[PDB]
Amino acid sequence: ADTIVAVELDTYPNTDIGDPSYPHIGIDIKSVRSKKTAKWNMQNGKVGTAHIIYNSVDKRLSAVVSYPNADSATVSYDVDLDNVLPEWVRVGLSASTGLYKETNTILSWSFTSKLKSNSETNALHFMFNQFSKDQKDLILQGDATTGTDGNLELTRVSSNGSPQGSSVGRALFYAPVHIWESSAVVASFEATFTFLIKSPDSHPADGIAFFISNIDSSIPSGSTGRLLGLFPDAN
């Protein structure tokens, strides 16, 4: 199977796989059963922003999510990503719906990785504030599309803007990312994305994740709903 490190914005509490009984932000290390969660006051139909940060000195994966006019939610987990992930990875966004549903709309997505050696800097940076019909520097998987209202729709939306159930889709940056090099004295990354999660229902599902994977990563079979397009099962 794929190797996955993810930050999840989990809109639907599945308490039998260890979700808390509310929408939550979580850190996922090779399992949909988050190593750490925090309560998330998700706002149906409002534009949110998530920030993810990590460096190889501190070995702490941290994330913050907020809306305008609202308090933030934050979560952290101590993990050395050089012991979890391979040297080369792809970075992406993933979302799903199940029998409960929501839009998984991405308005913007930025990523920066830096490797400083003892010589110094290797860097990759991308920023999307608009997506075109044919976004050649993304790999779209499953139901993901680009260019509707200039946005990235990770899951299926009807012509009327209405979200569909039982949907899964991801977008990965085309270029592999080098997150470990033998001469690096500091390796760091940060990601930001802005999202619009909207549902006609009181119980939206299932969420959006930022993820880092082996470069050949694909949507596992049956990873709609609670598995967020990331994991083949709930182990």
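A residue's number is simply how far along the shown sequence it sits, counting from 1.
Counting the deposited residues that fall between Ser119 and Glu120 and carry no coordinates gives a value of 1 to 3.
For the pair 135-143 and 153-161, the mean Cα B-factor is higher in 153-161. Per-stretch averaging of Cα B factors for 182-190 and 205-213 places 182-190 on top. The residue among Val168, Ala38, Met42, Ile53 whose C-alpha carries the highest B-factor in the deposited model is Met42. The entry lists a Cα temperature factor for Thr148 that places it in the highest third of the chain's modelled residues. When all modelled residues of the chain are sorted by CA temperature factor, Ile25 is found within the lowest third. When the modelled residues of the chain are ordered by their C-alpha B factor, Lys101 lands in the middle third. Per-chain ranking of the deposited C-alpha B factor places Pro200 in the highest third. When the modelled residues of the chain are ordered by C-alpha B-factor, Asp80 sits in the middle third.
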